[PDB]
Amino acid sequence: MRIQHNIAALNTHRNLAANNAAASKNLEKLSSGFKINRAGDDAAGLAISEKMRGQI
Amino acid sequence: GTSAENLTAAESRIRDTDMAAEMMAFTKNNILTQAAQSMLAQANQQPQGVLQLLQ
């Protein structure tokens, strides 16, 4: 309730970690120049890109 | 003479390069290099949490 646990700081830490992760993802997308670097980014579209690259 | 000209054309098309396409690719790669440079300059500044500790 008072000392042993400070829940506001925990919530703030969570949100801070999430924001840092999102900024890191954006940095990856900007440095790479591609919007899809992993399949977790977009599954339907990775396959399409690979087939289109083969066709090109 | 005819055969030499034809084979010269063939060899040119095989081995020689088109200046315009390589110019395009080189400009593209330079722009990407600059973008990555700026991104790295930002990423190096991103981890600054010294204000947690001191005040």
Side-chain angles (χ1 to χ4, degrees):
Chain A
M1 214 200 298
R2 204 78 201 74
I3 307 289
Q4 293 293 140
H5 304 105
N6 187 21
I7 318 310
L10 279 71
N11 213 313
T12 319
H13 178 266
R14 262 168 49 200
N15 281 304
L16 181 59
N19 302 134
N20 274 313
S24 281
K25 298 280 193 305
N26 283 309
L27 272 169
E28 189 173 2
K29 293 187 193 104
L30 276 160
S31 73
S32 295
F34 295 117
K35 203 200 293 292
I36 295 152
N37 297 290
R38 301 165 207 277
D41 292 335
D42 174 278
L46 183 65
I48 292 155
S49 192
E50 293 294 343
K51 294 193 285 268
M52 217 164 280
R53 284 173 176 179
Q55 292 289 312
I56 291 153
Chain B
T2 315
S3 301
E5 187 177 325
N6 279 314
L7 295 177
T8 298
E11 194 261 308
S12 181
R13 203 176 276 282
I14 293 280
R15 188 142 182 177
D16 306 341
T17 195
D18 200 313
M19 290 277 128
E22 304 298 342
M23 205 75 241
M24 285 199 274
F26 180 53
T27 318
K28 176 175 83 74
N29 288 113
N30 300 336
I31 287 152
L32 275 153
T33 314
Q34 297 161 17
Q37 266 153 19
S38 304
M39 288 288 110
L40 185 57
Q42 279 159 10
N44 263 311
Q45 302 291 323
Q46 179 161 0
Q48 276 170 352
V50 180
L51 63 92
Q52 294 300 320
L53 282 75
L54 61 85
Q55 209 267 352

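Quick note on labels: first sequence line is chain A, next is B, and so on, each numbered from 1.
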For a quick test of your reading: what N or O donor-acceptor pairs under 3.5 Å do the side chains of residues 9-22 of chain B make, sequence neighbours left out?
{"from": "B:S12", "atom 1": "OG", "to": "B:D16", "atom 2": "OD2", "distance (Å)": "2.8"}
{"from": "B:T17", "atom 1": "OG1", "to": "B:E22", "atom 2": "OE2", "distance (Å)": "3.2"}
{"from": "B:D18", "atom 1": "OD1", "to": "B:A20", "atom 2": "N", "distance (Å)": "3.2"}

Could you list the donor-acceptor pairs under 3.5 angstrom formed between side-chain atoms of residues 31-51 of chain A and any protein atom two or more places apart in sequence or on another chain?
{"from": "A:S31", "atom 1": "OG", "to": "A:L27", "atom 2": "O", "distance (Å)": "3.3"}
{"from": "A:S31", "atom 1": "OG", "to": "A:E28", "atom 2": "O", "distance (Å)": "3.2"}
{"from": "A:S32", "atom 1": "OG", "to": "A:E28", "atom 2": "O", "distance (Å)": "3.0"}
{"from": "A:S32", "atom 1": "OG", "to": "A:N37", "atom 2": "OD1", "distance (Å)": "3.4"}
{"from": "A:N37", "atom 1": "ND2", "to": "A:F34", "atom 2": "O", "distance (Å)": "3.3"}
{"from": "A:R38", "atom 1": "NH2", "to": "A:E28", "atom 2": "OE2", "distance (Å)": "2.9"}
{"from": "A:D41", "atom 1": "OD2", "to": "A:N37", "atom 2": "N", "distance (Å)": "3.0"}
{"from": "A:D41", "atom 1": "OD2", "to": "A:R38", "atom 2": "N", "distance (Å)": "3.2"}
{"from": "A:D42", "atom 1": "OD1", "to": "A:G45", "atom 2": "N", "distance (Å)": "3.4"}

For residues 16-24 of chain A, please give each side-chain donor-acceptor pair under 3.5 Å, one per line with the distance, not counting sequence neighbours.
{"from": "A:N20", "atom 1": "ND2", "to": "A:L16", "atom 2": "O", "distance (Å)": "3.2"}
{"from": "A:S24", "atom 1": "OG", "to": "A:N20", "atom 2": "O", "distance (Å)": "3.4"}

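Applying a 4.5 Å heavy-atom cutoff, the residues of residues 39-48 of chain B that approach chain A are B:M39, B:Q42, B:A43, B:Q46.
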